[PDB]
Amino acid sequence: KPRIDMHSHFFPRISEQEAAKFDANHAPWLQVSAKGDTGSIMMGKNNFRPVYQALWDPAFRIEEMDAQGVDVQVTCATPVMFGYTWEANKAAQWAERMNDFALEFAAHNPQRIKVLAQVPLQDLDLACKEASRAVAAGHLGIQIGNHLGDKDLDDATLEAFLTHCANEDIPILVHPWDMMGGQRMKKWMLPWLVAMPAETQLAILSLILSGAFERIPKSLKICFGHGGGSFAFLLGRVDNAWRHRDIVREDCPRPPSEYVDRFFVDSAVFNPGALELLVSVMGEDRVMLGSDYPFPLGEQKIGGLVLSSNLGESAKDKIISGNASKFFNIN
């Protein structure tokens, strides 16, 4: 019955000086206001996002984990630090620095704080090395964006990197980023409410419908962020469109809704009816408690939705604890 939060974010103590070493416009860095209890993520010289002390001060973060019942948390890089847009070596150097930063982070109570490494996904080689280097170095797995410009998970680049980690028993977190839309969704944080779930839901079908779960070893432990996005809902549509149009069946040989046993999703759906539906489509043994701590939109009572539910008692424990522990190899 320890409680494991497995989606969560961090950001390292990088000065504006160090970030200009890599790119004075597109590297990010952390800027603390005098007090040391607020601050903002900065893109070169612009204000990207306000954040608060939980995102860099792990000592503070353990106090908070105590006040929510979180025994073990898993953190990992904030989407922004991914820089998949960059030159392929500077990025592989950037990523080795972060996973190094992140490792000192969990080095504050590594029995409680577990990290997940980012990669330089543009070059397929660098990333395969970076991921096995940083999983031996300490991490429990890798966190990647769900798409690479116009390359979704179907692209053989990303299939390859997956099939590498399936073999090395390197668990994988896929996290939406670099949202679609272009111009239209500018106001009200729409990009987080419509684009983001849609991006994850796209990433999943980009495997099932490309038939990648037929070529990728069944060892692959892969989880998708924000409850799979609008998936467990839109599934019924995908099955229907596969029963009825040839060119949907083209490379997917079973009915899509059969591959719900090849991946996992977290619980971050924020609604007890949503969660029920989500579990029935995924199976009580494939949904894992995540919170998206500390960002503003991630349930401040971590676990609350899961325990304020109708769910069974075995189920509740599997999400909270079981599933995540089997997933990451936590004792």
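When you see a residue number, it is the position in the sequence shown, counting from 1.
- In this entry, 237 to 245 has the higher mean Cα B-factor, the comparison being between 194 to 202 and 237 to 245.
- The mean C-alpha temperature factor is higher for 273 to 281 when 273 to 281 and 288 to 296 are set side by side.
- As recorded in the entry, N46 carries the highest CA temperature factor of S267, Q68, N46, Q53.
- For the set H164, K186, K221, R254, the maximum C-alpha B-factor listed in the entry falls on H164.
- Per the deposited record, the Cα B-factor of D155 falls in the middle third when ranked against the other modelled residues of its chain.
- Ranked by Cα temperature factor within the chain, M6 sits in the lowest third according to the deposited record.
- Per-chain ranking of the deposited C-alpha B factor places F101 in the middle third.
- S210: CA B factor in the lowest third of modelled residues in this chain (values from the PDB entry).
- The entry lists a Cα temperature factor for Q118 that places it in the middle third of the chain's modelled residues.
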